[PDB]
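Take a look at the structure below.
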Amino acid sequence: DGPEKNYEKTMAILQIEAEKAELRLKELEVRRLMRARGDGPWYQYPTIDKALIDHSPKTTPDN
Amino acid sequence: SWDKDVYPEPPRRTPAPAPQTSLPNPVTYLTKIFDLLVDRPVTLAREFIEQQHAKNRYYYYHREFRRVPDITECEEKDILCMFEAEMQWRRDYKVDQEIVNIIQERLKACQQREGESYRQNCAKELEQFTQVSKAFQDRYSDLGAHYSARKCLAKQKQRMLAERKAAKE
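Chains as they are written, first to last, in this note's numbering: chain A, 1 to 63; chain B, 1 to 169.
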């Protein structure tokens, strides 16, 4: 085939791979931030559900 | 066929034959025999094949590449532009190598042609080759096996910094 075909194919492959590398580094940074802050959807370790708490009148007035 | 400008061949100066001896030169008779028995049939065959070629006359063209932004005008991680520039640089590298080869061919042809007077009659060719050698070496040398356009850029930048330091002193 023509050389220009391989030229364009190389350009496309380079773009795809470079974008993949950018995304991988971005993912690593995002993961570190989320695991160090817990401010993202990832690494949300469970906590006690407030629904379990009962607010009905107890026996002793001072709870 | 080739460009005599690219491949300079000084005009031939063959001396006129002036025999001073009655004895017939064997070389002349041998050359006549060789012409008649070899050159003639060879030329006839060449003519026939040339006719055949003239019948089937087709042309092949020379591909020309447009200039592409150099690695200097390229972003840090712009792989597309970097690929374009690197391919351009490699093409220019090949062209420079071929230029060196052309000048070397000139030098060798001069060495043979001028015979014993080669030392005095090839000064221009030697100077040309020296210039081309210096330029090629400064541009492309010590880059390494994994040479790249970025490497030539780095070498040029280092050279320019050294030049600045020297000029400042």
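Just so you know, even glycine gets a beta-carbon here, dropped at the ideal spot from N, CA and C.
Return the chain-ordered list of same chain residues with a C-beta closer than 7 Å to the C-beta of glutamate 125(B), the five sequence neighbours on each side being excluded.
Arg106, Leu107, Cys110
Would you be able to state if there are at least three C-beta pairs under 8 Å between the stretch 128–146 of chain B and the stretch 94–105 of chain B?
yes
Contact with chain A by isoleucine 71(B), beta-carbon distance below 9 Å:
no
Is any beta-carbon of chain A found at less than 9 Å from that of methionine 87(B)?
yes
Buried versus exposed, by CB contacts within 10 Å (16 or more), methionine 82(B):
buried
Between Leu80(B), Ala85(B), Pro26(B), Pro24(B), which has its C-alpha nearest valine 68(B)'s C-alpha?
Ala85(B)
With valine 68(B) as the anchor, note down where its alpha helix (DSSP H) starts and where it stops.
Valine 68(B) -> no alpha helix (DSSP H), and no H or E assigned at all.
For my contact list, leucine 153(B) and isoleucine 99(B) are in at a C-beta cut-off of 8 Å; report their separation, rounded to the angstrom.
Not a contact, Cβ separation roughly 21 Å.
Quick check: what's the CA-CA separation for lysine 20(A) versus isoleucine 79(B)?
12 Å
Are the C-beta of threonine 10(A) and some C-beta of chain B separated by less than 9 Å?
yes
Step through the CB atoms of chain B and report whether any lies within less than 9 Å of the CB of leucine 14(A).
yes
Separation of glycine 115(B) from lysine 9(A), as counted between CA atoms
54 Å
Starting from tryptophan 89(B), trace the alpha helix (DSSP H) both ways and give me its first and last residue.
79–113
Take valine 6(B) as the anchor and find which of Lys165(B), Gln128(B), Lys168(B) has the nearest alpha-carbon.
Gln128(B)
In three-state terms, what does DSSP make of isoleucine 33(B)?
helix
Answer with yes or no whether the minimum CB distance from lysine 77(B) to chain A is below 9 Å.
yes
Alpha carbon to alpha carbon, how far is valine 38(B) from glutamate 47(B)?
14 Å
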